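A, B, ... follow the sequence lines: proteins, then strands. Residue 1 opens every chain. Heavy-atom basis, side chains included; hydrogens, waters and symmetry copies ignored.
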Amino acid sequence: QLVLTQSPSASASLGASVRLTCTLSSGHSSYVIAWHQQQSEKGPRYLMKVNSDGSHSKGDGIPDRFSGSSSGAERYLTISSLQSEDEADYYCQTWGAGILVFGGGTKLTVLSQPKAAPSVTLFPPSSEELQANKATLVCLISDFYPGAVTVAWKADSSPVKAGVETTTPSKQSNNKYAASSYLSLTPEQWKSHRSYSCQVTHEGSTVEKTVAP
Amino acid sequence: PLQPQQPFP
Amino acid sequence: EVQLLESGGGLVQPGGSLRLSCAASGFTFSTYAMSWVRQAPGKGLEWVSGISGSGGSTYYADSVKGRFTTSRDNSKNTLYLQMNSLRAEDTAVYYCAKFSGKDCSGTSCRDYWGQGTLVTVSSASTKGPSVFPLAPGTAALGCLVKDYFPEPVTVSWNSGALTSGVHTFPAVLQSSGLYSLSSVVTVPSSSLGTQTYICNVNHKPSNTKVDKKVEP
């Protein structure tokens, strides 16, 4: 059975080195593998091939800090001076007669990037949406690190749970996290309160923005 | 064992 | 260099059919075997099919055998994946790819990937978004892209003239099963009276194309 075995997750410090491991099943120790990188919500990028004698065959523009190596049934990818952009899922891949085989992928986390407080923008319902007899409050949260946040909505000063939908935080191209929270209201609930607030808590500190009818 | 040159000849 | 450009993704009812295309360029297409790969939401890469350079030999993963067929046109330099009898669990981003194997030498041994296209198999029907302006020394303005299915939506500003300070957020998936997302751009307040700002929203599954002017 041609199988590639990869650990699900790995982590290392910013600026340090990490080696990821791909294990070939017994009877396939001579096989060539390839490493592919997939950043979250992107398509894969080929890195290199690794056969028994080590070797490479690097894709275009792959930095020198990416290298590969081999020993027995195990195939390695080593990344030095880790950068935030190296956070991705790394898949080894191989082939046999008439089939391709993928490992399960190893998700690499690069720890201890700078902490950053969130920027918050709160939008009220547009007049167009209100004329469609609906109302949405839009709370946009970006530039924070780490990616754990808590969002709390207030109608005037009272907590509001009903009608709240929030995304899970996701790392954007500036390598900081973003999330959004939506509060759905009827137009009459919107007009019957003096204000609504989006309250964002991150690392014990709370940012609040307020809009009014 | 014995990896072919190409999976899809 | 090598480019693999896919098209044809979309939404299909269970039991329905769909064909994906992968337009190749930058190499002698007919020389190389071509593959399809897929990735279900939150899962890893899964091999789908391979086809020899000539098209005479095809190979399929057991999960798709008999329902998916791969073919190629070596004059248009295009790879195809014909899907029939689609199932909910076939929902995935589909990638065309060129895996060189071994026997090659230097850069000829590189692998290449298409950009992927999303195929959704669901009994739910498509719904295009409603687009609302988010009014108004710097000011944030935006567009709310509300209640659509399925992904994806693309948003640009002033047809690509405005990119600096633009941030399009990942969509929320509401309990109703519809998505919403927002796009925001930060601009100088002094420009509000003189510069027009328009978000261009495209939801191909529903043939929706909206140009929404965002005024103060």
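- The most heavy-atom pairs under 4.5 Å with chain C, out of A:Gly103, A:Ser173, A:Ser126, come from A:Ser126.
- The local environment of NZ in C:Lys127 is crowded, with over 12 non-hydrogen atoms from other residues, nucleotides or ligands closer than 6.0 Å.
- Heavy-atom distances place both the backbone and the side chain of C:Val172 under 4.5 Å from chain A.
- Contact annotation: the side chain of C:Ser175 approaches that of A:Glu165 to within less than 4.5 Å [non-hydrogen atoms, C-beta and beyond].
- For C:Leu181 against A:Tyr182, the heavy-atom pair with the smallest separation is C-OH, 3.2 Å.
- Nearest heavy atoms, A:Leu140 versus C:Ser182: CD2-CB, 4.1 Å.
- If you tally non-hydrogen atom pairs under 4.5 Å between each of A:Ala179, A:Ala132, A:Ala34 and chain C, the highest count goes to A:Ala179.
- With a 4.5 Å cut-off on non-hydrogen atoms, C:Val131 touches chain A through its backbone but not through its side chain.
- Open room surrounds CD on A:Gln1; 12 or fewer heavy atoms of other groups in view lie less than 6.0 Å from it.
- Remark: side-chain polar atoms of C:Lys146 are not paired, donor with acceptor, to backbone N or O of A:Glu129 under 3.5 angstrom.
- Among C:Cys109, C:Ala135, C:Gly44, the residue making the largest number of heavy-atom pairs under 4.5 Å with chain A is C:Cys109.
- Between chain C and the residues A:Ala178, A:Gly105, A:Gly59, the most heavy-atom pairs under 4.5 angstrom are made by A:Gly59.
- Atom CD of A:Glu41 is surrounded by 12 or fewer heavy atoms from other residues, nucleotides or ligands within 6.0 Å.
- Using non-hydrogen atoms only and a strict 4.5 Å limit, the part of residues 91-100 of chain C facing chain A consists of C:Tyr95, C:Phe99, C:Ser100.
- Per-residue counts of heavy-atom pairs under 4.5 Å with chain A were compared for C:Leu144, C:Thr58, C:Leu173, C:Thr107; the largest is that of C:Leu144.
- The structure places CG of A:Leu100 at 10.0 Å from OG of C:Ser49, a figure rounded to the nearest 0.5 Å.
- Atom OG of A:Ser180 and atom NE2 of C:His167 lie 13.5 Å apart (nearest 0.5 Å).
- Residues of residues 209-216 of chain C lying within less than 4.5 angstrom of chain A, judged on heavy atoms, are C:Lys212 in numerical order.
- Side chain of C:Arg110 to backbone of A:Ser57: no donor-acceptor contact under 3.5 angstrom is found.
- With a threshold of 4.5 angstrom between heavy atoms, C:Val48 does not approach chain A through any atom at all.
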Worked verdict on A:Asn51 versus C:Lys102 for side chain to side chain contact (heavy atoms under 4.5 Å, CB included): CA-CA 10 Å; A:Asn51 62 337; C:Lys102 65 190 172 168; over 6 Å; no
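- The choice from A:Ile141, A:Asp60, A:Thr168, A:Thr94 that makes the most heavy-atom pairs within less than 4.5 Å of chain C is A:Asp60.
- Contacts of A:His56 with chain C are absent, with no heavy-atom separation under 4.5 Å from either backbone or side chain.
- By the 6.0 Å contact criterion, CZ on C:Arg19 is open, its count of non-hydrogen atoms from other residues, nucleotides or ligands being 12 or less.
- Note on C:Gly101, C:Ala140, C:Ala171: by heavy-atom pairs under 4.5 Å with chain A, the leading option is C:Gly101.
- No other option in C:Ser35, C:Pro133, C:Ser180, C:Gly116 has as many heavy-atom pairs under 4.5 Å with chain A as C:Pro133.
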Test log, rule side chain to side chain contact (heavy atoms under 4.5 Å, CB included), inputs A:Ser170 and C:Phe169: CA-CA 9 Å; A:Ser170 74; C:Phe169 283 70; over 6 Å; no
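- A heavy-atom distance below 4.5 Å is not found between the side chains of A:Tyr46 and C:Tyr112.
- When all heavy atoms of A:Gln93 and C:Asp111 are compared, the pair lying nearest together is OE1-OD2, 3.8 Å.
- For C:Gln39 against A:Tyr91, the heavy-atom pair with the smallest separation is NE2-OH, 3.2 Å.
- Heavy-atom pairs under 4.5 Å with chain A were tallied for C:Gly50, C:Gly114, C:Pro170, C:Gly106; the largest tally goes to C:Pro170.
- Among C:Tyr59, C:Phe132, C:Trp113, the residue with the largest count of heavy-atom pairs under 4.5 Å with chain A is C:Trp113.
- With a 6.0 Å radius and a threshold of 12 heavy atoms from other residues, nucleotides or ligands, C:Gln3 has its CD atom at or below the threshold.
- Contact annotation for A:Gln38: only side-chain heavy atoms (C-beta onward) come within less than 4.5 Å of a heavy atom of chain C.
- In this structure, A:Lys191 places its NZ atom where only 12 or fewer heavy-atom neighbours from other residues, nucleotides or ligands lie under 6.0 Å away.
- With a 4.5 Å cut-off on side-chain heavy atoms, A:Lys134 and C:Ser130 do not count as touching.
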